[PDB]
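Taking the form deposited in one PDB entry, here's one chain by itself in structure tokens.
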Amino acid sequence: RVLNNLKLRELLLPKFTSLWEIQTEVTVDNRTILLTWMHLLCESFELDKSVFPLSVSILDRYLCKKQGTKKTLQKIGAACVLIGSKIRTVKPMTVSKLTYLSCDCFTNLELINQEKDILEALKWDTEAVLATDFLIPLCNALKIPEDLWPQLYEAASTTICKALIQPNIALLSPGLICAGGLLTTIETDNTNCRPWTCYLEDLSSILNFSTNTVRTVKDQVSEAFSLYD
């Protein structure tokens, strides 16, 4: 049972309470734009499901201390995606494969120097429990057999990764955000009803609080207007 560890180092997550408070120019709404962009970027590269959720973590951290400009959010957000693939995936995309695949959007040298700034700003500790980390772990704990895991991990991740674009979920336990996204998925594709609302209520401990997350995850997911970027 790796849920206890998860719940523990999940408490080691900075309770923002102020998504980008230090930001002058850029605001919470420049975040929704940038994350939609980063999401598209991570999808265009078919990177691990953990790369996007991890870059979001990096991003909201970096920008919780240093300052960003509307004109550099893509550099910053691109660097976050680089930093993230470099730590999770086995074959961590290079600054090169990231400049050419996105058609010299920035010079191979600018990301280099942007990545570094972020690593420095974050004191070289880029690591985070991502809602993504709860799918498999809560899948069995939810009495769900390894026959529907492969398809449940795809939709649940797609939901979560799309939901994390919203500044709502950006104030939740990665655990909860993984429950509501795991639920909103089993909902749309029902093989069994949703009695798991109680079953999960013991893992992440909560019952009326584990519902609101669902209403927020699913509400946030239904908010992916690629037409905002």
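Don't overthink the numbering: it's just position in the shown sequence, from 1. C-alpha atoms forming the largest set that superposes within 1.5 Å between two forms make up the rigid core.
Beyond the structure shown, there is the form deposited in another entry, which is absent from this document and is the topic of what follows.
- With the two forms fitted on their core, the C-alpha shifts between this form and the one not shown stay under 2 Å for all of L135, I76, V129, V95 except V95.
- With the core held fixed between this form and the one not shown, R9 has its Cα displaced by under 2 Å.
- Relative to the superposed rigid core, the position of the CA of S204 differs between this form and the one not shown by 2 Å or more.
- For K66, the Cα coordinates differ by under 2 angstroms between this form and the one not shown after the core has been superposed.
- Whereas the displayed form keeps them at a certain spacing, the CA atoms of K218 and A179 lie at least 3 angstroms closer in the other entry.
- Between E223 and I177, the C-alpha separation shrinks by 3 Å or more in the other entry, relative to the conformation displayed.
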